[PDB]
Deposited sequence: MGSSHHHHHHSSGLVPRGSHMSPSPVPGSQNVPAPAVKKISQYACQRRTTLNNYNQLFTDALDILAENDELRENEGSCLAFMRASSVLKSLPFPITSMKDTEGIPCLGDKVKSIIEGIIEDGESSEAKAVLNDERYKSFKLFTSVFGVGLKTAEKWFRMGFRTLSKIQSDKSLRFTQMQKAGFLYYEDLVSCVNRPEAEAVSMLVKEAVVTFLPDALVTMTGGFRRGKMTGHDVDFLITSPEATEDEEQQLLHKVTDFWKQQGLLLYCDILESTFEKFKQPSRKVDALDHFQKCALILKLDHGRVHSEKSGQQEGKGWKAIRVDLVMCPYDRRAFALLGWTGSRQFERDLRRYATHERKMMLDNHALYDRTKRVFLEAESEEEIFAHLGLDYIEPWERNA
């Protein structure tokens, strides 16, 4: 009776996944295609996984898949196999593949992506111990921090830790911009209990162009002085008012145990901060809330269904030849002709 859209932005996806048996398998197959640089097959498995996550019931027969989009012949074979024996032979083969195991292990290090993981694999490396102890290898500053704080960063971040970080961010930010609005974005805004990092959007209604530019530098220098800044990379803005990203920083912060309301006495935490102009705060909030799949389908829907162009800074209508303004996420959804999807419903 319910006509499920192929777009994540036209579906409500909450964290209660009734099809984790199927989506864990589809996520593994997608990840393998990402590694094999098969972008098309990767995206097809990510879309199939995304739609199953939106279902209000578990798939228990092939009849249950009728009318569900993004499930082509290959994906239906995978679902059929899992219904048969409770296992995916396809995903099991990927989990036993040497290239796949190496890519997962290597990219688990902060600062190591697809290119460096592929380089290390082709050199014959298979373990992190052999990589770290090699005397010929050269590591980026990001990778050095990734190896030094590996156990802390791989253990992830819980809600009490995220809240403790939010307090630190807000305390530091109001010191330099007292009327600044600090919003936790990412997974935690979508209601997640855990995350690999804690993300924040910072905006100020009265700050000048220079004040807006200096905030991330002032806040990180303050933490550097305290000895809390374990890693810092500030990317200056490439945002153009009339046209690429907002001023942002990728950090590793020292989170003292005493600050967490839930050994060494502290934990290394990945933190990302984004500063945007006040008038673009709704576009940035929408972009940074995610999920990744929700954002990509929002942009795809805007292009293919509305002839509009959406990004973290603006919304442009190609037919009316006008930029559309928004003071809230609700106004962006209304401009696109979409029913409002709450942040906890964007877990596509």
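- Gaps between the deposited sequence and the modelled coordinates occur at 1 to 36, 280 to 288, 308 to 314, listed in sequence order.
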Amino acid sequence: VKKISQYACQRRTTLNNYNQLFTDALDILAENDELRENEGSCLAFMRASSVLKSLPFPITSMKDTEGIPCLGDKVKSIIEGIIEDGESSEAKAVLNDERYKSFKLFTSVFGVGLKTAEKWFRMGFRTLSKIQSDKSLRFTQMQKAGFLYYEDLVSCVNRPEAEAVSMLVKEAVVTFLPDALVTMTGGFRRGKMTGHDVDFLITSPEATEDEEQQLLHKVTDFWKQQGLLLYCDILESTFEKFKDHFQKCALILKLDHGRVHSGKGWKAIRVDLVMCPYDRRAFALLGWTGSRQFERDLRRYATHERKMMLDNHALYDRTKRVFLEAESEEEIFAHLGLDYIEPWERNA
From here on, numbers count along this sequence of modelled residues.
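- The stretch 174 to 182 shows the higher mean C-alpha B-factor when 174 to 182 is compared against 193 to 201 in the entry.
- Of the two stretches examined, 184 to 192 and 267 to 275, the record assigns the greater average C-alpha temperature factor to 267 to 275.
- For the set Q247, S102, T116, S108, the maximum C-alpha B-factor listed in the entry falls on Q247.
- Remark: of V112, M123, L216, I79, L216 shows the highest value [criterion: C-alpha B-factor in the PDB entry].
- Per the PDB record, residue ranking by Cα B-factor puts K2 in the highest third of the chain.
- Compared with the other modelled residues of the chain, the Cα B-factor recorded for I131 ranks in the middle third.
- Looking at the C-alpha B-factors along this chain, the one for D339 belongs to the middle third.
- Ranked within its chain, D24 lands in the lowest third, by CA B factor from the PDB record.
- When the CA B factors of the chain's modelled residues are split into thirds, the value for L71 lands in the lowest one.
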